[PDB]
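What follows is the content of run_38.cif, which has mmCIF, C-alpha atoms:
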```cif
data_input
loop_
_atom_site.label_atom_id
_atom_site.label_comp_id
_atom_site.auth_asym_id
_atom_site.auth_seq_id
_atom_site.Cartn_x
_atom_site.Cartn_y
_atom_site.Cartn_z
CA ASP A 1 -43.63 -72.87 -35.55
CA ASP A 2 -40.89 -72.53 -32.86
CA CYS A 3 -42.65 -69.41 -31.43
CA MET A 4 -45.92 -71.42 -31.16
CA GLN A 5 -43.98 -74.20 -29.34
CA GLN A 6 -42.56 -71.65 -26.84
CA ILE A 7 -38.23 -63.04 -31.70
CA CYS A 8 -42.07 -62.87 -31.73
CA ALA A 9 -42.50 -60.46 -34.69
CA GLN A 10 -45.78 -62.11 -35.85
CA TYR A 11 -47.25 -62.31 -32.30
CA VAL A 12 -46.89 -58.52 -31.68
CA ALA A 13 -48.14 -57.81 -35.28
CA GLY A 14 -46.59 -54.32 -34.97
CA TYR A 15 -43.94 -55.21 -37.58
CA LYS A 16 -43.41 -58.17 -39.97
CA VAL A 17 -39.93 -59.37 -41.10
CA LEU A 18 -39.66 -59.33 -44.94
CA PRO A 19 -37.86 -62.12 -46.91
CA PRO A 20 -34.61 -61.01 -48.70
CA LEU A 21 -36.06 -62.22 -52.12
CA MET A 22 -33.09 -64.63 -52.51
CA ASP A 23 -32.76 -67.93 -50.55
CA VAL A 24 -29.32 -69.09 -49.25
CA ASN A 25 -29.47 -71.99 -51.79
CA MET A 26 -30.19 -69.49 -54.63
CA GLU A 27 -27.32 -67.26 -53.34
CA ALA A 28 -25.04 -70.36 -53.34
CA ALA A 29 -25.99 -70.98 -57.01
CA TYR A 30 -24.95 -67.37 -57.84
CA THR A 31 -21.64 -67.95 -55.95
CA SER A 32 -21.03 -71.24 -57.85
CA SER A 33 -21.44 -69.42 -61.22
CA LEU A 34 -18.99 -66.70 -60.00
CA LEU A 35 -16.57 -69.43 -58.76
CA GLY A 36 -16.71 -70.99 -62.25
CA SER A 37 -15.83 -67.61 -63.84
CA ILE A 38 -12.89 -67.25 -61.36
CA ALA A 39 -11.64 -70.73 -62.42
CA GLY A 40 -12.00 -69.69 -66.10
CA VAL A 41 -10.02 -66.42 -65.60
CA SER B 1 -53.11 -57.61 -37.61
CA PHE B 2 -55.71 -60.47 -37.77
CA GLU B 3 -55.42 -61.01 -33.97
CA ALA B 4 -57.57 -63.97 -32.76
CA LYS B 5 -60.99 -63.16 -31.17
CA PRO B 6 -60.81 -62.97 -27.32
CA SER B 7 -62.26 -66.23 -25.88
CA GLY B 8 -62.02 -68.76 -22.99
CA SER B 9 -61.32 -66.09 -20.33
CA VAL B 10 -59.73 -67.53 -17.12
CA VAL B 11 -60.75 -65.56 -13.98
CA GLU B 12 -58.95 -65.77 -10.59
CA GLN B 13 -60.26 -63.49 -7.78
CA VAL B 14 -62.55 -60.73 4.51
CA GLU B 15 -65.67 -58.48 4.95
CA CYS B 16 -63.64 -55.83 6.88
CA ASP B 17 -65.79 -54.06 9.54
CA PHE B 18 -66.60 -50.35 8.92
CA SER B 19 -68.14 -49.96 12.43
CA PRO B 20 -65.25 -47.85 13.98
CA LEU B 21 -65.68 -45.22 11.20
CA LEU B 22 -69.48 -44.92 11.83
CA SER B 23 -69.30 -45.25 15.67
CA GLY B 24 -67.83 -43.20 18.57
CA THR B 25 -66.81 -39.50 18.60
CA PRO B 26 -65.46 -38.28 15.19
CA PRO B 27 -61.94 -36.76 15.55
CA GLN B 28 -61.31 -33.12 14.46
CA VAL B 29 -59.94 -32.39 10.93
CA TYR B 30 -56.40 -31.95 12.43
CA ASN B 31 -57.01 -35.14 14.54
CA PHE B 32 -58.20 -37.10 11.44
CA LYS B 33 -57.95 -40.91 11.92
CA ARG B 34 -56.89 -43.11 8.94
CA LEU B 35 -57.74 -46.87 8.90
CA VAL B 36 -56.00 -49.30 6.45
CA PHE B 37 -58.01 -52.23 4.97
CA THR B 38 -56.04 -55.09 3.30
CA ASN B 39 -57.31 -58.34 1.63
CA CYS B 40 -60.87 -57.71 2.94
CA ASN B 41 -64.30 -57.74 1.20
CA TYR B 42 -66.01 -54.30 1.36
CA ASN B 43 -69.60 -52.95 1.20
CA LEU B 44 -69.28 -49.32 -0.05
CA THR B 45 -72.98 -49.40 -1.14
CA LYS B 46 -74.06 -50.00 2.50
CA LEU B 47 -71.85 -47.10 3.75
CA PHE C 1 -39.08 -57.74 6.27
CA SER C 2 -37.75 -61.17 7.42
CA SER C 3 -35.20 -63.28 5.45
CA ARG C 4 -36.21 -66.42 7.43
CA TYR C 5 -39.80 -66.52 6.05
CA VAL C 6 -38.72 -67.00 2.38
CA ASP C 7 -34.89 -67.22 1.96
CA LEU C 8 -33.12 -67.60 5.36
CA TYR C 9 -29.97 -69.14 3.76
CA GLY C 10 -29.88 -66.50 0.98
CA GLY C 11 -30.46 -63.56 3.36
CA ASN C 12 -32.81 -61.93 0.79
CA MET C 13 -35.53 -60.01 2.71
CA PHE C 14 -39.27 -60.41 1.88
CA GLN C 15 -42.08 -58.53 3.71
CA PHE C 16 -43.67 -60.89 6.30
CA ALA C 17 -45.75 -58.43 8.39
CA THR C 18 -47.04 -54.81 8.18
CA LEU C 19 -47.38 -52.58 11.28
CA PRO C 20 -50.42 -50.24 10.79
CA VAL C 21 -48.99 -46.99 12.29
CA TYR C 22 -50.30 -43.91 10.39
CA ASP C 23 -47.78 -41.50 12.04
CA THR C 24 -44.18 -41.54 10.67
CA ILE C 25 -41.41 -42.64 13.11
CA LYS C 26 -38.45 -40.19 13.24
CA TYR C 27 -36.34 -41.86 15.99
CA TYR C 28 -35.12 -45.37 16.98
CA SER C 29 -32.87 -46.67 19.82
CA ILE C 30 -31.27 -50.10 20.58
CA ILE C 31 -32.75 -51.84 23.68
CA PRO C 32 -30.04 -53.74 25.67
CA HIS C 33 -30.79 -57.35 26.78
CA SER C 34 -29.05 -58.92 29.83
CA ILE C 35 -29.01 -62.72 30.40
CA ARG C 36 -29.36 -63.72 34.10
CA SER C 37 -27.21 -66.86 34.64
CA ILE C 38 -24.38 -68.27 36.85
CA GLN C 39 -20.73 -67.95 35.64
CA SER C 40 -20.71 -71.53 34.21
CA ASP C 41 -24.08 -70.86 32.45
CA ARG C 42 -22.77 -67.66 30.72
CA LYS C 43 -22.10 -68.22 26.96
CA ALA C 44 -20.75 -65.95 24.15
CA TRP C 45 -23.38 -64.07 22.05
CA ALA C 46 -23.34 -62.97 18.36
CA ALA C 47 -23.12 -59.20 17.63
CA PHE C 48 -25.86 -57.68 15.39
CA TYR C 49 -24.96 -55.05 12.71
CA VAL C 50 -27.15 -51.97 11.87
#
```
Take the structure from the file and write it as structure tokens.
Amino acid sequence: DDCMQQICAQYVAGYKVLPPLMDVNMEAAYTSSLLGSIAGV
Amino acid sequence: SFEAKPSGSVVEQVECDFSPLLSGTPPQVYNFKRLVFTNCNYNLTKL
Amino acid sequence: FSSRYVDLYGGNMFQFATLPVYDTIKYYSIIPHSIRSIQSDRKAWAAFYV
């Protein structure tokens, strides 16, 4: 959306960035479970 | 790629005389005369 | 190229005119200029750098 308002991976179409498969919020949930284990031990 | 179809083209775009080239005595190959034409419309079909 | 046409204060030079001479120029010389005036009229002049 920012590119349309104006880097431009989609505009070139030569390459497309691929999502990591885990969101930052999902990664934070994994960290919270690990933090709980650290508190336990 | 799925690039969008080309559409809505925007186009942005005098009469220099060729009489000296076609008139008078032609110079020799060693004496060749070069004339520069800048920002002028041209009629190569007429020549 | 003249700085005055586009950026006189900056001093950046932009082409303002083209001289249509087909033959290459291999030599140049400074031409001296003398100002004809009385002693009171005479004033100091800036020196150009090449």
task: Specify as a PyMOL selection string all residues of chain C found within 10 Å of chain B, counting all atoms listed in the file.
output: chain C and resi 20-23
Residues of the last selection are to be written out with C-alpha atoms, as a PDB file, in the coordinates of the input.
```
ATOM      1  CA  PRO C  20     -50.420 -50.240  10.790  1.00  0.00           C
ATOM      2  CA  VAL C  21     -48.990 -46.990  12.290  1.00  0.00           C
ATOM      3  CA  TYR C  22     -50.300 -43.910  10.390  1.00  0.00           C
ATOM      4  CA  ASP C  23     -47.780 -41.500  12.040  1.00  0.00           C
TER       5      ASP C  23
END
```
- prompt: Exactly which residues make up the result of the PyMOL selection byres ((chain B) within 9 of (chain A)) on this file, given as a PyMOL selection string?
  reply: chain B and resi 1-3
File dump, residues just selected, C-alpha atoms, as an mmCIF file, in the coordinates of the input:
```cif
data_model
loop_
_atom_site.group_PDB
_atom_site.id
_atom_site.type_symbol
_atom_site.label_atom_id
_atom_site.label_comp_id
_atom_site.auth_asym_id
_atom_site.auth_seq_id
_atom_site.Cartn_x
_atom_site.Cartn_y
_atom_site.Cartn_z
ATOM 1 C CA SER B 1 -53.110 -57.610 -37.610
ATOM 2 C CA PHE B 2 -55.710 -60.470 -37.770
ATOM 3 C CA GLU B 3 -55.420 -61.010 -33.970
#
```
- prompt: If we count all atoms listed in the file, what is near residue B:41 at a cut-off of 9 Å, once residues fewer than 5 positions away on the same chain are taken out, given as a ChimeraX atom specification?
  reply: /B:14-16
query: In Å, with one decimal, what is the gap from atom CA of residue C:4 to atom CA of residue C:48?
result: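 Separation of atom CA of residue C:4 and atom CA of residue C:48: 15.7 Å.
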task: Could you please determine the separation between atom CA of residue B:21 and atom CA of residue B:47 in Å, to one decimal place?
output: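 According to the coordinates, atom CA of residue B:21 and atom CA of residue B:47 are separated by 9.9 Å.
Atom CA of residue B:44 is found 28.8 Å from atom CA of residue C:16.
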task: Using the chain letters and numbering of this document, enumerate as a PyMOL selection string the residues selected by the PyMOL selection byres ((chain B and resi 46) around 12).
output: chain B and resi 17-19+22+42-45+47
message: Given the point (-33.4, -57.0, 4.4) in the coordinates of this file, which residues lie within 8 Å, counting all atoms listed in the file, and how would they look as a PyMOL selection string?
response: chain C and resi 1-3+11-14
message: On this structure, the PyMOL selection byres ((chain C and resi 50) around 12) would catch which residues? List them as a VMD selection string, sorted by chain and number.
response: chain C and resid 28 to 30 47 to 49
